[PDB]
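Chemist: The number in mature numbering (1 follows the signal peptide of the UniProt record, and there is no 0) is simply the position in the sequence shown, starting from 1, with 138 added.
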Amino acid sequence: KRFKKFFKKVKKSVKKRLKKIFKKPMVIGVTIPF
């Protein structure tokens, strides 16, 4: 089980990707990248 360590790492990287998925008007605390 060596990939197990990678999973915990992906949580950090992917965490940034979700930022694009939570670009809805409902979410709070998000400013347009200008």
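Heads up, the beta-carbon is just placed ideally off N, CA and C, and yes, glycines get one too.
(1) For the alpha helix (DSSP H) holding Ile159, just list the boundary residues, first then last.
(2) What is the rounded straight-line gap between the Cα of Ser151 and the Cα of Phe145?
(3) Given a cut-off of 9 Å, decide if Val148 and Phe160 are closer than it, judged by their beta-carbon atoms.
Modeler: Taking the geometry as given:
(1) 141 to 159
(2) Rounded to whole angstroms, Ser151 to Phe145 spans 10 Å at the Cα level.
(3) Cβ atoms of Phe160 and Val148: not closer than 9 Å.
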